[PDB]
Amino acid sequence: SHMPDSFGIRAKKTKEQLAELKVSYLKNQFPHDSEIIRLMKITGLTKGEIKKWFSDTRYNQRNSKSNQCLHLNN
């Protein structure tokens, strides 16, 4: 016990922290829990801010079409 804080009250994810989250989306669009803990280590974020971001990025993947996507797997 040395650092008593990792909890960003209404704190915005900086371009560096947010870009590490992008690396996790590019390797797999549905992140494994161990990879999310690794993001909390590098960035200094919470698992809540991370789970929030990937839900936004899943829609950001289909921004213009809004509802469906091209080359949809069936």
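Sorting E35, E20 by the number of Cβ atoms found within 10 Å of their own Cβ, with the fewest placed first, yields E35, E20. In terms of the mean number of neighbouring beta-carbon atoms within 10 Å, the peptides 6-19, 39-52 order highest first as 39-52, 6-19.
Gyration tensor over the Cα atoms of the chain: the corresponding equivalent ellipsoid has semi-axes (square roots of 5 times the eigenvalues, largest first) of 28, 13, 9 Å. Within the same chain, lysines fewer than 8 places from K47 are excluded, and of the rest, those with a Cα less than 27 Å from its Cα are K12, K13, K15, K22, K27. Taking the C-alpha atoms only, the angle from helix 47-60 to the longest principal axis of the chain is near 20 degrees.
Cβ atoms come from the backbone with ideal geometry, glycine included; neighbour counts cover every protein chain shown. Only the coordinates and a few stated rules stand behind these numbers; no lab work does.
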